[PDB]
């Protein structure tokens, strides 16, 4: 028996379902950003977005790695600031569940804090989490202090550097912590640093997923150890 003292949640397409429609809007906004920046065709923009997302986990990270001094605020204002936030549905079931859960709850998102806070507000979860590790948390040196774009490379999930930042800032014991995320590479990363893992958004587990649920509220029944009251580890 291994107790769970902490639950760490990704945000986008983890705490709201993919069908919400934010994911396609983000892709479109990134493409529009690249067209605005570089005068690309839309086809070339999309091609570049997917290339940079695949290689660096983020178009912003990718642009900066390629020498372009794009300020995170400019990027997030365009790409997240233009999102259809009204499309995110409140989820009282999820709110009720998180209120019932006695474990520490932490947000671990690649998105910026401004986006994260707006999303949680729409969901009605604005007071459910104890800590938020977001883009800024992982990239302190991209703000204020001027740098060459290669000086402080953007740190984001699935990097193990990102995982460590979450674990240190939130002060968690990976042995007692479950990580929920909709992205398989993020799940693999979390498993590598010793976390228990829940793949959100699919019913079928990947190799590094201890659990998999299509909707995050399903953990109420899919992971019964969340309700276990024993405080210390033990065998049988």
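Residue numbers count along the first chain shown, from 1.
S.K.: According to the deposited model, is the average Cα temperature factor higher in 145 to 153 or in 88 to 96?
M.R.: Taking the mean B-factor of the alpha carbons in each, 145 to 153 is higher.
S.K.: Determine, from the deposited record, the chain-internal third of the Cα B-factor for residue 165: lowest, middle or highest.
M.R.: It falls in the bottom third of the chain.
S.K.: Considering only modelled residues of the same chain, in which third does the CA B-factor of residue 124 rank: lowest, middle or highest?
M.R.: Middle third of the chain for residue 124's C-alpha B-factor.
S.K.: Should residue 53 be placed in the lowest, middle or highest third of its chain by the C-alpha B factor in the entry?
M.R.: It belongs to the middle third of the chain when residues are ordered by C-alpha B-factor.
S.K.: Considering only modelled residues of the same chain, in which third does the CA B-factor of residue 181 rank: lowest, middle or highest?
M.R.: Lowest third, going by the recorded CA B-factors of the chain.
S.K.: Would you mind checking where the Cα B-factor of residue 11 ranks among the modelled residues of its chain, as the lowest, middle or highest third?
M.R.: Answer is lowest: the recorded C-alpha B-factor places it there.
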